[PDB]
Structure formats: C-alpha cells, structure tokens
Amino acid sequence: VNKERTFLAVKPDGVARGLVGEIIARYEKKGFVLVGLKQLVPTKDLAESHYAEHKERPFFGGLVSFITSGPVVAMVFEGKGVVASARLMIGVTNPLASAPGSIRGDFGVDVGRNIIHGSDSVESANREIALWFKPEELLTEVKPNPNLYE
C-alpha cells in the first residue's frame, strides 16, 4: 500500500521555466520517495503512446507536438496514496482555477502550458511507468523516512 507509485513528468514549459528543482522538492518534502528519474526529449512514438487515450480527439496532435518540442524530466515517486496525493499537489487542468499552494496554482496561467503531468489513476500510473522507464531504471529497494509511516 505504501508501495504505490505514480508517474510525473515536468513538461517542456516547466523545464524551460526552471521549475524542475522546485517541483521535486515539493514531493520530497511531502515524504514520497524518488524511485526513477531522468531527463529526455520524448520521441513521437513515446508521445503518441503516452497520449494514446486521446488519439481520436482533435487536440491530440497538439499534445504530441508540444511534449516532443523539448526536454522533459520524467520521474516515478513511491508512497502511500501517491497517485491521488500527487494530483492534489498539482492542481486542476486549468492553472487559473488551481488553488494557491498547488503547483499549477502557483506557477501556471494556460491549460496548454500547464507545467506538469501526473498519472490520473493507479492503472494509468502503471502503464505510464512501464512506458517511460525500463525496470532497470527503477529502485527496487525503497526506504522512506521511518518517521513517515506508522
């Protein structure tokens, strides 16, 4: 249960705006454990797979183009209720409606330039992690601060 994992990606706008360290620090302070981490420029295929769920929609081409427009920092965090907790820390789709204190609430203004991606569910988290990372790239032995869990 405390072994739950989520996939987060600091999108090109977030990387370009120098928000990588600020975003990672928020998750480390919360107590989640960094299990995978690497910077990369996504290829079209990985992009199309990541957004496959929208492949029938019109905006799908825009999503693929943007995520491949520059480097992305992909990461996997582990902890209890991480998937839902990470979404709460990010905010809502529209940054302008995101509450102050959340990532998008503090730094974003446009839905199209919303800084970060967080899996919306455990199953999507599982698919995305396996999509973005090779098993060799993920920590197998995870140990959080002992003052974090009862």
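In this text, residue numbers run from 1 along the sequence as written.
J.: Mean C-alpha B factor from the entry: is it higher for 139-147 or for 4-12?
T.: For C-alpha atoms only, the mean B-factor is higher in 139-147.
J.: When the Cα temperature factors in the entry are averaged, is it 100-108 or 28-36 that ends up higher?
T.: Result: 28-36.
J.: Among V92, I67, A52, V82, which residue carries the highest C-alpha B-factor recorded in the PDB entry?
T.: Of the candidates given, the C-alpha B-factor peaks at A52.
J.: Which third of the chain does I129 land in by C-alpha B-factor: lowest, middle or highest?
T.: Tercile = middle for this residue's CA B-factor.
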